[PDB]
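Presented below is the structure to which this report refers.
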Amino acid sequence: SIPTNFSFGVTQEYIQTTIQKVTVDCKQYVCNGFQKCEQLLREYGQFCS
Amino acid sequence: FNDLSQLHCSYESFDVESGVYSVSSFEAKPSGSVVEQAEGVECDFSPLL
Ligand SMILES: *[C@@H]1O[C@H](CO)[C@@H](O)[C@H](O)[C@H]1NC(C)=O
């Protein structure tokens, strides 16, 4: 079986090599800057760390 | 005391690793307050006058 006609077929693909880098502040996100919240956060402590 | 203090206490050591780090944010102070949604009525003194 031998071909006689042909075409240059294109083929697209994608590779997700790099998810979007994110960083987050602990006390600002969880705590919203009200002083009793920061007083109530210091016991948990190193969770933010 | 400062950002480096928070970075040191995040790593629980006097020595850390060189690099880029995310310290807790800060907020611009509110400039004041606005109270305008509902106003009352005035007392009547016309029968007095
Ligand atoms: C080959 O394929 C192309 C595109 O489908 C067409 O125009 C052409 O006539 C074909 N030739 C033969 C010999 O089949």
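So basically every Cβ, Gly included, is an ideal-geometry build from the backbone, and we count neighbours across all protein chains shown. FYI, it's all coordinate maths here, none of it is from the lab.
A compact table of results
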| read-out | value |
| --- | --- |
| Residue match in the range A:27-37 (condition: in contact (Cβ under 8 Å) with a residue 12 or more places away in the chain, within 30 Å of B:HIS8 (Cα to Cα), touching a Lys or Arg at 6+ places or on another chain (Cβ under 8 Å) and surrounded by 10 or more Cβ atoms within 10 Å (Cβ to Cβ)) | no |
| Residue satisfying all of: in the range A:7-26; among the hydrophobic types (A, V, I, L, M, F, W, C) and more than 30 Å from B:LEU7 (Cα to Cα); farthest from the ligand (Cβ to nearest atom) among these | A:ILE15 |
| Residue within the range B:9-18 that is assigned to a loop (DSSP other than H, G, I, E, B) and of a type in the set (A, V, I, L, M) present | yes |
| Filtered residue count, the range A:7-43, keeping only those that are in a loop (DSSP other than H, G, I, E, B), of a type outside the set (D, E, K, R), out of contact with any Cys (no Cβ under 9 Å at 6 or more places or on another chain) and within 14 Å of chain B (Cβ to nearest Cβ) | 6 |
| Selection status of A:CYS48, in a loop (DSSP other than H, G, I, E, B) and surrounded by 10 or more Cβ atoms within 10 Å (Cβ to Cβ) | yes |
| Criterion: away from every other protein chain (no Cβ under 14 Å) and within 30 Å of A:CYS48 (Cα to Cα) - qualifying residue of B:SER18, B:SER46 | B:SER18 |
| Meets criteria (exposed (fewer than 10 other Cβ atoms within 10 Å of the Cβ) and β-branched (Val, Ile, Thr)) for B:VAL23 | no |
| Yes/no for B:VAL16 being surrounded by 10 or more Cβ atoms within 10 Å (Cβ to Cβ) and closer than 17 Å to A:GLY33 by Cβ | no |
| Failed item, numbered, when A:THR4 is tested on (1) away from every other protein chain (no Cβ under 11 Å); (2) more than 16 Å from the ligand (Cβ to nearest atom) | (2) |
